[PDB]
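Participant: Pasting an experimental structure with its sequence.
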Amino acid sequence: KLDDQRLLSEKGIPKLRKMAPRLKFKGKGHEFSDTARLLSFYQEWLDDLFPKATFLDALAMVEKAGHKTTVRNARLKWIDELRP
Amino acid sequence: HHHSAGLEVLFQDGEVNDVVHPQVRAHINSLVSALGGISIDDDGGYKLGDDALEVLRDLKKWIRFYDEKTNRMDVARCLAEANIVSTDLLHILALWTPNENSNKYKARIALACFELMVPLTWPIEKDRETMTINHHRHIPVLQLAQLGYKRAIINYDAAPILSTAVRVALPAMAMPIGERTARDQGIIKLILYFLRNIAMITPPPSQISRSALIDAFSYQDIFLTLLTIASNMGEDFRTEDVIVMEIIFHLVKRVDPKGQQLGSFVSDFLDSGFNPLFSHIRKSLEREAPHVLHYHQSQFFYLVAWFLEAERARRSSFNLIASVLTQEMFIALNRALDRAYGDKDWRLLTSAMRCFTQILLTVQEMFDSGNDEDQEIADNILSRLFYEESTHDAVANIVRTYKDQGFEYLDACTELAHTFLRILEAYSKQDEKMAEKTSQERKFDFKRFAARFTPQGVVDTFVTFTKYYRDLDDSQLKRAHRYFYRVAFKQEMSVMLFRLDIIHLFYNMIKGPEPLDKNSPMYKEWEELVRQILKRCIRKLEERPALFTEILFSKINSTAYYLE
């Protein structure tokens, strides 16, 4: 799909492996403030990917795109980086 | 503006045409006037018409041969505007007093009133092939007219109409089933359908109309009549089993099974007319009877579920509901579950799932019951249920596959999924080497069974149910709480629960736009729950950096095990 091509283009996903440990915004004592910083981090990324879209409506479009055969092969690349 | 506007006057009667056939309106009005009228003399009463019996028979002919045969609704609308079922027919039935039941003429005119009242108060279904442009025009008026009929019948000061209805069928009800003719069996059907019709009438989408119905039913001894037909469902009765069931179904409509207004009836019904009535309906559905209809199947499952909850509010004897706990019922509902899913019938499945939930809640209360025979039967039912994989794989697939099926269906499947896990968990626990081999083997089988509720499909269905937290009650919140609590306490590490959309909901549920009310008893349990899930969420991101990219939830059970 042309609308789901934003994930295929590899512009958003390489920033999810580079910007996530970069912020280091983690506190073990707090659950709410840490998850609020996490939600604000993804809300920023979703607005840059495609603006003028509802937050809840955007998240559901990402998971539906993930089920695709082309996307599944690309996702299996990220899990291999963990293995020694 | 200083002076009045001339357009303030409205529009105006024979000179202006109506939606009905102009000659029908004249003919129907010739009949409604000829049947009688109120006496001009003070305390005179109601003057019955001279040819009242024949005009009533002529009005019945106008319904069957003009409205029904030609697919029209003109005579129906004419009688609605005349409001005879509220202004004329009620006064005629008032004349036939309990001491005057011997009057043949007064009993025949009373029957002719119900032979007219039944088709007029009959429920209408908009979605039909037979329906034309004519039907669709009149239906909104007739539906409102039917509410006006019910109101007048329930609140009639002069005479008890519902008690008068029972008296019409009563002599043909006394004679044996073999001795009853086709005419005599028709009077029982007509009177039973009249009681169902008035109980059916509700405004299309007030609680006083629901209360007044129960109050009129008990006072005019209709609940006593319903009990006598239901308790003798074997001998003297047959076919009427579904008609009586429908009356009680429209009575228990949006009624709580515990601490109700009809508390006097519920105890008497379970003691006399539960097993003979519900065993007959079960046998009627199995043999594929001609009198039974498709909608009667889902109504049956609703009433079984309703009366099982009503039984646990009293729990005088768990033997009074023995007919619905038989293995014959189990085979029947399991075949009904497979058939309803295939035919894509969700309303039938909703009632079947809710019925099955109440059966499982009953066997659990029979396991802790004081009766020695009750614990014996509860354990032999649970023994089969713990190993019957045919039932297991079917229930698990329903909760896994959910898409635009409605909240009523969602509340029914999550009710069954939560109870099935909870009841089997109790069985999973309860010379030394021989006894342990058979006792500890059930713990292996339960972890295999609980693994059916772990996939993404079952998770998402419970997540979408949790979304309605603002409207969910204390018991409804317990189901969602105990499911997610079962995910972390499964050693699963809630890998399935880790998804942006799922994490979003849990946060704003406690701290966000909808605070779920801090004073609620379920809030404190949920606040402790969400914090425990989010604690493992932050920890798993540090443990594995792949979780940041695999937060999509599009994963399966094999990739989730890699993460934990």
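Facilitator: Nice, I can see it. Numbering: from 1, shown residues only, chains lettered A, B, ... in the order given.

Participant: I'd like to know which residues of chain A are adjacent to chain B.
Facilitator: Residues of chain A lying near chain B by C-beta under 8 Å from any C-beta of the partner chain: A:13, A:16-17, A:20-21, A:26-28, A:31-32, A:34-36, A:38-39, A:42, A:55-56, A:59-60, A:62-63, A:66-67, A:72, A:75, A:78-79, A:81-82. Every residue, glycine included, has its C-beta placed from N, CA and C.

Participant: who's in contact with whichever residue of chain A sits closest to chain B?
Facilitator: As assessed by C-beta to the nearest C-beta, chain B sits closest to residue A:66 within chain A, at 3.2 Å. By C-beta atoms under 8 Å, 6 or more residues apart in numbering or on different chains, the contact set of residue A:66 is A:72, A:75, B:552-554.

Participant: Most neighbours among those residues, which one?
Facilitator: residue B:553 (22 neighbours; other C-beta atoms under 10 Å in any protein chain shown).

Participant: wait, isn't it in contact with residue B:456?
Facilitator: Yes - applying C-beta atoms under 8 Å, one finds residue B:553 in contact with residue B:456, separated by 6.3 Å.

Participant: Check the offset of stretch B:185-195 from the chain's centre.
Facilitator: On the basis of C-alpha atoms, centre = their mean, to the nearest Å, stretch B:185-195 sits 22 Å off its chain's mean C-alpha point.

Participant: Apologies, that question was intended for stretch B:387-397.
Facilitator: Distance of stretch B:387-397 from the chain centroid (C-alpha atoms, centre = their mean) equals 26 Å.

Participant: what's the answer for stretch B:67-82, then?
Facilitator: Relative to its parent chain, stretch B:67-82 has a centroid offset of 30 Å by C-alpha atoms, centre = their mean.

Participant: in what helix or strand does the spatially most central residue of chain A lie?
Facilitator: Nearest to the geometric centre of chain A sits residue A:16, at 5.7 Å (C-alpha atoms, centre = their mean). Assigned by DSSP states H and E, residue A:16 belongs to helix A:13-18.

Participant: And residue B:58, how far from residue B:438?
Facilitator: Using C-beta to C-beta, to the nearest Å, one obtains 77 Å as the distance from residue B:58 to residue B:438.

Participant: In terms of neighbours, single out the busier of those two.
Facilitator: For residue B:58 versus residue B:438, the count of surrounding residues by other C-beta under 10 Å is larger for residue B:58: 16 against 8.

Participant: Name the SS class of the residue of chain B at minimum distance from chain A, please.
Facilitator: Using C-beta to the nearest C-beta, the closest approach of chain B to chain A is made by residue B:554 at 3.2 Å. Following DSSP: H, G, I helix; E, B strand; the rest coil, residue B:554 is assigned to coil.

Participant: Now it: closest residue in space, sequence neighbours ignored.
Facilitator: Nearest non-adjacent residue to residue B:554, counting by C-beta to C-beta, 6 or more residues apart in numbering or on different chains: residue A:66, 3.2 Å away.

Participant: returning to that earlier point: so how far is the following helix or strand past the helix holding residue A:16 off the chain centroid?
Facilitator: On the C-terminal side of helix A:13-18, the nearest following helix or strand under DSSP H and E is helix A:20-23. Put simply, helix A:20-23 sits 13 Å off its chain's centre (C-alpha atoms, centre = their mean).

Participant: Same question for stretch B:156-176.
Facilitator: 27 Å.

Participant: Could you do stretch B:450-465 as well?
Facilitator: 27 Å.

Participant: now swap in stretch B:218-226 and tell me
Facilitator: With C-alpha atoms, centre = their mean, you get 21 Å for stretch B:218-226.

Participant: State the distance spanning the first to the last residue of that stretch.
Facilitator: End-to-end distance for stretch B:218-226: 11 Å, by C-alpha to C-alpha, to the nearest Å.

Participant: contacts for that stretch?
Facilitator: Residues from elsewhere that reach stretch B:218-226, judged by C-beta under 8 Å, 6+ apart: B:160, B:162-163, B:166, B:195, B:216-217, B:244, B:247-248, B:262, B:264-265, B:268, B:273.

Participant: please redo it, this time with the cut-off set to 7 Å
Facilitator: Contacting residues not belonging to stretch B:218-226 are listed as B:160, B:162-163, B:166, B:195, B:217, B:244, B:247-248, B:264-265 [C-beta atoms under 7 Å, 6 or more residues apart in numbering or on different chains].

Participant: For residue 51, give me phi and psi.
Facilitator: I went with chain A, as the question did not name one. When read as degrees, to the nearest 10, the backbone of residue A:51 gives phi -80, psi 180.

Participant: To clarify, I was referring to chain B.
Facilitator: Main-chain torsions, residue B:51, degrees, to the nearest 10: phi -100, psi 40.

Participant: Would you map the helices across chain A?
Facilitator: Secondary structure of chain A (DSSP state H): helices located at A:5-8, A:13-18, A:20-23, A:32-49, A:55-66, A:69-80.

Participant: nearest to residue B:484, of the ones you listed?
Facilitator: Ranking these by their distance to residue B:484 (criterion: C-beta to C-beta) puts helix A:32-49 first, at 15.7 Å.

Participant: Show me what the closest one is packed up against.
Facilitator: On a contact count with 3 or more C-beta pairs under 7 Å, 6 or more residues apart in numbering or on different chains; DSSP states H and E, helix A:32-49 meets helix A:55-66, helix B:500-510.

Participant: Make JSON lines out of those helices and add distance to residue B:428.
Facilitator: Listed next are these as JSON lines, based on distance: least, C-beta to C-beta, whole Å:
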{"stretch": "helix A:55-66", "distance to residue B:428": "34"}
{"stretch": "helix B:500-510", "distance to residue B:428": "28"}
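
Participant: what's the closest non-adjacent residue to residue B:396?
Facilitator: Leaving aside its sequence neighbours, residue B:396 sits nearest to residue B:452 (C-beta to C-beta, 6+ apart; 3.8 Å).

Participant: any chance you could read off phi and psi for the one you found?
Facilitator: With angles defined as degrees, to the nearest 10, residue B:452 sits at phi -80, psi -20.

Participant: In this structure it contacts residue B:397, no?
Facilitator: No - if you go by C-beta atoms under 7 Å, residue B:452 and residue B:397 don't touch, sitting 8.7 Å apart.

Participant: who has more neighbours, the two?
Facilitator: Under the criterion of other C-beta under 10 Å, the comparison of residue B:452 against residue B:397 puts residue B:452 first, with 19 against 14.

Participant: measure that one to residue B:400 for me?
Facilitator: Using C-beta to C-beta, one gets 8 Å for the distance from residue B:452 to residue B:400.

Participant: for residue B:348, same thing?
Facilitator: Going from residue B:348 to residue B:400 by C-beta to C-beta gives 19 Å.

Participant: how much space between the residue nearest to residue B:396 and residue B:389?
Facilitator: Counting by C-beta to C-beta - residue B:452 and residue B:389 are separated by 10 Å.

Participant: same thing with residue B:564?
Facilitator: Residue B:564 sits 26 Å away from residue B:389, going by C-beta to C-beta.

Participant: go on, residue B:439?
Facilitator: Look at residue B:439 and residue B:389: by C-beta to C-beta, they are 21 Å apart.

Participant: Same check on residue B:50?
Facilitator: 74 Å.
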